[PDB]
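Given as structure tokens, the chain that follows is alone and in the form deposited in one PDB entry.
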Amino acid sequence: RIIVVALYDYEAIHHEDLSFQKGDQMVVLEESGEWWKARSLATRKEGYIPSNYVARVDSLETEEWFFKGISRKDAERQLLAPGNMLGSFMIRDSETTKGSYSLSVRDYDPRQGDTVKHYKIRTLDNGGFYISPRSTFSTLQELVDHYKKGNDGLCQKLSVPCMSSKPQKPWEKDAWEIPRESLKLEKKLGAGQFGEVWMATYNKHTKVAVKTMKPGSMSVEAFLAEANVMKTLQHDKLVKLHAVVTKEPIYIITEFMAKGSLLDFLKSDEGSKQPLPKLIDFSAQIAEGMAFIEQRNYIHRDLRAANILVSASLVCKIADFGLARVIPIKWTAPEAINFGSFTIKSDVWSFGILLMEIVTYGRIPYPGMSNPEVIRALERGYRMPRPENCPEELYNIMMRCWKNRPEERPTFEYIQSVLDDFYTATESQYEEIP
């Protein structure tokens, strides 16, 4: 028998799922991936619950200050997000020391501003934890209660835990293929050669984007094969692909990203208020999604700001992954234009142009040059001059992407690693403490 507990409020919106509240306890009756069957000790109702809205009784995940499966850089992003303050913190799964934990504290720096500092939490055997060997605690809870009442060593004392909203709710159980009836496509957002994109609703209570496809030479099953594999290639930095409408014309349902395309956002008012450190972060998140594609030996084919979507939180997500397979010369590498050889390295090139896009708020690549004009300049070894506000070192990342020889372009795994830590000397990643 296995008891879990509710981490947030949840109001049921489907036929058989249960409403519950933060603190509600439940018996687990099935583990069927994203949705679990459970009986509410509160209500006695048997029904479905999001597995990510609940965790096992008194396991650390129940603690307000604890965050499972967070990398060092997400911990930094989460902490720096609106609604946290000086001294905000979390304990989390240490990324580079398996089976261990790390403290992240929000701090302010006179000569740099708002930062996050990371401390390893130490534990061998014995049982307890310390960050400095003179100060030992038997549990993580005591650890935080100490550093909450004065910092004894650290760069900041701990106030309140890092804030966090409800997880996106998972998509409906057993709903990969959904009838068209289930959708109300409410507002047409865009319209191209290939289909349209609408803001729609799924079954009254879920906001989604829907791409509707004009029937090409691209076959029906042919298309679903691809969608089907793509839906398995889930990653935080790729747009969430929820369901498919199998019967022509095909519809594709993804999560709705409140701020639309990155290209739109940079050009938007809120866009143009964004400082460079934030612009590089976006870069890093895109590099992170592309690092994942890279690792799985795929290829995107159509990288550019117009195929990156931005959530209401300013998370960046790659869109159109896989679709470009099933179906703009300024973002495309010479090998790809001239002989049509698209590889991850031609992707690295386009990433290069995207960097330029981001750093210049969505201005067209090669402004004033036409397509033909551009193809020639490249041949003659030309590259875009460094814009104003572009750091020198970021300009060289771009230059490295635009190598003529593809095999001398960096890997995304590298680009990502440099961008993530663009403002931190390695030696400084973690804070030593005496």
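Take the two forms, superpose them, and find the largest set of C-alpha atoms that agree within 1.5 Å; that set is the rigid core. Just count from 1 along the sequence shown to find any residue number.
In the other compared entries of this protein that model both flanking residues, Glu255 has coordinates in every one, well short of a third left out. For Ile364, the record comparison shows coordinates present in all the other entries of this protein that model its neighbours, with no third of them leaving it out. A chain break between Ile327 and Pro328 is present, corresponding to 10 or more residues of the deposited sequence without coordinates. Between 300 to 308 and 220 to 228, it is 220 to 228 that carries the larger average Cα temperature factor according to the deposited entry. Per the PDB record, of the two stretches 39 to 47 and 58 to 66, 58 to 66 carries the greater mean B-factor over its C-alpha atoms. Within the listed group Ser159, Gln285, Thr254, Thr201, the record reports its top CA B-factor for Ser159. In the deposited coordinates, the residue among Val208, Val197, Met163, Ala258 with the greatest CA B-factor is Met163. For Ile293, the recorded CA temperature factor ranks within the lowest third of the chain's modelled residues. For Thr123, the recorded CA B-factor ranks within the highest third of the chain. Only modelled residues enter the ranking. When all modelled residues of the chain are sorted by CA temperature factor, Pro133 is found within the highest third. Ranked by Cα temperature factor within the chain, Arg92 sits in the middle third according to the deposited record. Sort the modelled residues of the chain by CA B factor and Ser350 lands in the lowest third.
This next part talks about the form deposited in another entry, which is not shown.
In the core-superposed comparison between this form and the one not shown, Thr43 has its Cα shifted by at least 2 Å.
Once the rigid core is used as the reference frame, the Cα position of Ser138 differs between this form and the one not shown by less than 2 Å. After superposition on the rigid core, the Cα of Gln295 moves by less than 2 Å between this form and the one not shown. Between the C-alpha atoms of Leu103 and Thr426, a gap widened by no less than 3 Å is obtained in that other deposited form, as opposed to the form on display.
By 3 Å or more, the C-alpha separation between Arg92 and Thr426 grows in that other deposited form relative to the form shown here.
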